[PDB]
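**Student:** coordinates only, sequence not included:
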Ligand SMILES: CCCCCC(=O)OC[C@H](COP(=O)([O-])OCCN)OC(=O)CCCCC
């Protein structure tokens, strides 16, 4: 909407490229630490996203073993990073918080 | 003095969109509500068999106004109940609780029926329940006989099983459940019934939350009687068998003649461990059979068809003898050998049985709910008994004539070495 | 003569197969419909069976 | 509209009268065209000796098979022709015969009940018929693992006492019970003060009392020549019985402690506790999300096909506990979770879950007394046990008293550090040893 | 508890003629609960 | 290897009309071996 919230994105694009998981062809949600909430969200993914997530992670563990990265052409662009897991994950948390609010009635 | 108060009258309303509301205020401590829908298994086709069964198991799944967790915990906190009963014609979503908590359970009932989400994973976790639920039901040999009996009798619609075919378990999709509720949970197909609730509340609820259009108009997918037979050779110790012919659709006067004919022949025992002295079929079979058996008239009446006949249980070797003895006893009635005191006695049993079946709230709500869907009206019991009294002895005879001469349907299971086919009767 | 001279049991029983007609319908989830339609024809060896083979 | 409290006042009070000979006549009027009337009797296996055990069950087979004024099948014909239904049952303490019929058929129905009790034919040829019938029924019962394991619970828990006996009696007694044994049982136990003529439906209490004075005047007077059955107390024994049978697909377990009795106010609070634990089987819909931890865990981890809590009451005693059905490798886990919930309610019950258990009992009570038959049953039974009808308004008051402190005090009184009775049947190799079971009845942390 | 009615774990066997009355069917119904 | 003939592990699918000829039955036989 403005120029101030636009360099805010510029420093988030900066941190994104510095974090460097896009150099392994990975997306932000591929790097989330699996807890009980996350393991449930992954369980709920449709077959296409689950299989894609499996291969991207497998491709990255392969690269990490060789201490290599993908060509710059194949890095995950900050603009094209689909937060595919947070919708499922946010509903998992929402359900858990409901149980927790009932548990103290 | 110890007397009951002025019994209020049932109130009844038809909205222009087709929805029906019926309420009664018995001032009872508990309240019961039911949403009866013309969505039984007859409305499945051969590309989505079993959808109405899985739908019947999915009332506690997640809706738009209530998580799966909230439905279960909300109802249990109040000690209430949520049930789903299914006929080949109707599904009936019933709710029970104390009258102070009707607000809560109505909200749950509406979310189940109006706002199910059918989430891909919840549905997926539920498919194994079909196998368990069907396995429990088929522990009764009667269950598979009746299912096979309808599959042999009809080409479509009423041929469909209440229970999901084995090949469909795991394959019923969330889309099919969505389409099924869209096509069949329509205002024109619904009835909202309530005990211990006032009529203005139900009407308000109905106008605000149960005005759903579209889907499928009351389809003329007429059940086509066919006749046939299905024979299940298994290792049961006894042979169960049923023999029927097309009879009469419910509501018509011919159906009352069939109901009376049922109680002439013998529907069930009235005394514990009795010989059933006034059961025509039992005494007919018992003369030439001195081994354990059972026999009963079978009467099933549907919106556009019906099946009438008898049901037999016997030793595998006495199968045909029991069948043929039962059949000849019906032939006797078709030949006009029927006394008038026997009809007045059958009209006594049927009248007494009907009133007994509506003593409780659960039986009363079911009759009102199914009356509303089948007939679009409510018929008090004094008028029912009048319609029973109007049955003449010749009507009963003609009903037995229609059975003898009509194309038959047979289902039998057991060791069928001595169980006749149709053409051997 | 030495090892296959077994008597008794059942003589060539006249438990004649009784044709009846009927139909059995198995609703499943195969992609195609398989179907067979037949009528009683002729016992093997008779000349009518050769006509059926030719047909 | 009317509230729940206001609806409980709107029930008609059961009108109660007593005849001159001892018989008690009780009715709850409604606006129904149908009704049920029946005779409830203080009789059962607990009153029988080992030498005539099973007699009253023999009588049940013969009650409907003939009488002096209506010999043979004449009694079946009369009730079937007026569309009525006739039934009976026998527990270890109570015996009942009742009819369902039209309200206009009440005077004939009362007449038949009177003729059944007083004037029974008991032809020696009918007895020999009913003898082979009972033996077959015994072979049938042997296949109901549920009915077996509860007869085993009674057998071990009340060993050495009349309550240990089954209702049906042993096969040996059936084969030698004579007509003299049966008439002795009837003449002793079927006396007017120990009977109640209960009715429920559309009927004025005046009418029922008139018929009682007409058709039940011939009963034996108040005195009985000094030979009254006085029920002695029945010793409860902490004990265990295991019937190992690995050929059966599923194991049945029943476990219980001694309960107080019929007229003890503790039963209310105990029923609230049993409702928290609740019941379950594999066809329920809730599964993981059920309130009861036992239910939720059993569905999630698939520890059983079904379980149910119970509070079986008798005079000055009872059986309080649970029963379940599971795979042979799940018995230990089921008993662990079961006992853990008993211990948890003894020591740390919370107010919220007790409100749920209270509401579950409220719902269970109202909906059970729905129809003419269950009201007439509650009339008849309640006068043999409490000596009066307890209105629903009182039951609600005895419930609202219950809070979390009440269930903890009441449960500890009966559950905590008490010797249970155990009964097992089926593939029960994994059934925990009795010392391990006994150690599950307390917590070292408490 | 699930229900199936139609009259108007090894379960249990039936042998005699008195316990067999009431078994013959007389239209099926399928019910489900919580 | 066990055999079933009648023409006179996921197996494999048939889609076209050329691979479908030869499938229609033409009396069954059941054979067993070592
Ligand atoms: C410092 C205190 C340590 C306490 C150990 C303990 O109590 O172990 C359990 C048993 C008795 O409890 P339980 O078996 O009845 O179970 C009760 C279940 N609620 O006691 C013994 O027999 C164990 C012997 C240990 C020897 C090294």
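**Tutor:** Okay, I see it. Numbers count the residues shown, from 1 in each chain, chains lettered A, B, ... in the order given.

**Student:** CA atoms for contacts and neighbours, from now on please.
**Tutor:** OK.

**Student:** Next, the residue nearest to residue D:243 when sequence neighbours are not counted: secondary structure please.
**Tutor:** Excluding its sequence neighbours, the residue lying closest to residue D:243 (Cα to Cα, 6 or more residues apart in numbering or on different chains) is residue D:425, at 4.8 Å. The assignment at residue D:425 comes out as strand when based on DSSP: H, G, I helix; E, B strand; the rest coil.

**Student:** which residues does residue D:425 contact?
**Tutor:** D:145, D:149, D:242, D:243, D:244, D:245, D:251, D:252, D:253 (Cα atoms under 8 Å, 6 or more residues apart in numbering or on different chains).

**Student:** One more: residue D:324?
**Tutor:** D:252, D:253, D:254, D:304, D:305, D:306, D:307, D:308.

**Student:** Turn the contacts of residue D:425 into TSV, columns for neighbour count.
**Tutor:** Converted to TSV, the contacts of residue D:425 look like this (neighbours: other Cα atoms under 10 Å in any protein chain shown):
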residue	neighbour count
D:145	23
D:149	26
D:242	17
D:243	15
D:244	14
D:245	15
D:251	30
D:252	28
D:253	26
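
**Student:** Need those in JSON lines (columns: secondary structure).
**Tutor:** Converted to JSON lines, these look like this (three-state DSSP):
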{"residue": "D:145", "secondary structure": "helix"}
{"residue": "D:149", "secondary structure": "helix"}
{"residue": "D:242", "secondary structure": "strand"}
{"residue": "D:243", "secondary structure": "strand"}
{"residue": "D:244", "secondary structure": "strand"}
{"residue": "D:245", "secondary structure": "coil"}
{"residue": "D:251", "secondary structure": "strand"}
{"residue": "D:252", "secondary structure": "strand"}
{"residue": "D:253", "secondary structure": "strand"}
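
**Student:** For chain B, state which of those residues is nearest.
**Tutor:** When the contacts of residue D:425 are compared for distance to chain B (Cα to the nearest Cα), residue D:145 wins out at 15.9 Å.

**Student:** Can you tell me how far that closest one is from the ligand?
**Tutor:** Shown here: residue D:145 relative to the ligand, a distance of 30 Å by Cα to the nearest ligand atom, to the nearest Å.

**Student:** same thing with residue D:419?
**Tutor:** From residue D:419 to the ligand the distance is 13 Å (Cα to the nearest ligand atom).

**Student:** picking up where we left off before, in the contacts of residue D:324, find the pair that's most separated.
**Tutor:** D:254 and D:305 (14.1 Å; Cα to Cα).

**Student:** what's the first-to-last distance across stretch D:314-332?
**Tutor:** 30 Å (Cα to Cα, to the nearest Å).

**Student:** Tell me which residue is most central in chain A.
**Tutor:** residue A:29 (1.1 Å; Cα atoms, centre = their mean).

**Student:** Test my guess that it contacts residue A:84.
**Tutor:** Yes - Residue A:29 lies in contact with residue A:84 (Cα atoms under 8 Å); the separation is 7.0 Å.

**Student:** need the helices for chain B, in chain order.
**Tutor:** B:51-56, B:68-77, B:102-114, B:120-137, B:141-153, B:174-184, B:199-209, B:253-265, B:280-288, B:319-334, B:340-356, B:361-375, B:381-389, B:393-405 (DSSP state H).

**Student:** Mind putting these into CSV with mean neighbour count?
**Tutor:** Listed next are these as CSV, based on neighbours: other Cα under 10 Å:
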stretch, mean neighbour count
helix B:51-56, 25
helix B:68-77, 22
helix B:102-114, 19
helix B:120-137, 16
helix B:141-153, 23
helix B:174-184, 17
helix B:199-209, 15
helix B:253-265, 25
helix B:280-288, 19
helix B:319-334, 20
helix B:340-356, 20
helix B:361-375, 20
helix B:381-389, 14
helix B:393-405, 20
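
**Student:** Mind checking the ones you listed for the one nearest to residue B:216?
**Tutor:** helix B:174-184 (5.1 Å).

**Student:** and the closest one with chain C, contact?
**Tutor:** No - applying Cα under 8 Å from any Cα of the partner chain, one finds helix B:174-184 separated from chain C by no less than 15.7 Å.

**Student:** Run the angle between that helix and helix B:120-137 for me.
**Tutor:** 80 degrees (axes from the mean of the first three to the mean of the last three Cα atoms, to 10 degrees).

**Student:** end-to-end on stretch D:282-300?
**Tutor:** 11 Å.

**Student:** Report the buried residues of that stretch.
**Tutor:** D:282-299 (16 or more other Cα atoms under 10 Å in any protein chain shown).

**Student:** ok so, going back, can you tell me which of the helices of chain B is nearest to chain D?
**Tutor:** helix B:340-356 (3.7 Å).

**Student:** quick revisit: more neighbours: residue D:254 and residue D:305, which one.
**Tutor:** It is residue D:254, of residue D:254 and residue D:305, that has more neighbours when counted by other Cα atoms under 10 Å in any protein chain shown, with 22 against 17.

**Student:** Skipping adjacent residues, who's closest to that one in space?
**Tutor:** residue D:323 (4.1 Å).

**Student:** What are the buried residues along whichever strand or helix holds that neighbour?
**Tutor:** For residue D:323, the element it lies in under DSSP states H and E is strand D:317-326. Across strand D:317-326, burial judged by 16+ other Cα under 10 Å covers D:317, D:318, D:319, D:320, D:321, D:322, D:323, D:324, D:325, D:326.

**Student:** Please name the nearest non-neighbouring residue to the last one.
**Tutor:** Nearest residue to residue D:326, sequence neighbours excluded (Cα to Cα, 6+ apart): residue D:304, at 4.1 Å.

**Student:** Phi first, then psi, for residue D:359.
**Tutor:** phi -70, psi -40 (degrees, to the nearest 10).

**Student:** cool, and the one 10 residues further on?
**Tutor:** Backbone torsions of residue D:369, given as degrees, to the nearest 10, read phi -90, psi 60.

**Student:** re earlier: minimum distance to residue D:331: which of the helices of chain B has it?
**Tutor:** The nearest among these, by Cα to Cα, is helix B:120-137 at 20.9 Å.

**Student:** got the contact list for residue 29?
**Tutor:** Just going to use chain A. Per Cα under 8 Å, 6+ apart, neighbours of residue A:29: A:83, A:84, A:85, A:86.

**Student:** actually chain E
**Tutor:** With Cα under 8 Å, 6+ apart, residue E:29 has these contacts: B:85, B:86, B:87, E:3, E:4, E:5, E:6.

**Student:** List the ones among these that fall in strands.
**Tutor:** The members of the contacts of residue E:29 that map onto strands under DSSP state E are B:85, B:86, E:3, E:4, E:5.

**Student:** hmm, the top helix by length along chain A touching chain B?
**Tutor:** Counting residues, the longest helix found in chain A (DSSP H) is helix A:47-66. No - shown here: helix A:47-66 not in contact with chain B (Cα under 8 Å from any Cα), separated by at least 11.3 Å.

**Student:** In that helix, which residues are buried?
**Tutor:** Applying 16+ other Cα under 10 Å to helix A:47-66 flags A:53, A:56, A:57, A:60, A:63 as buried.
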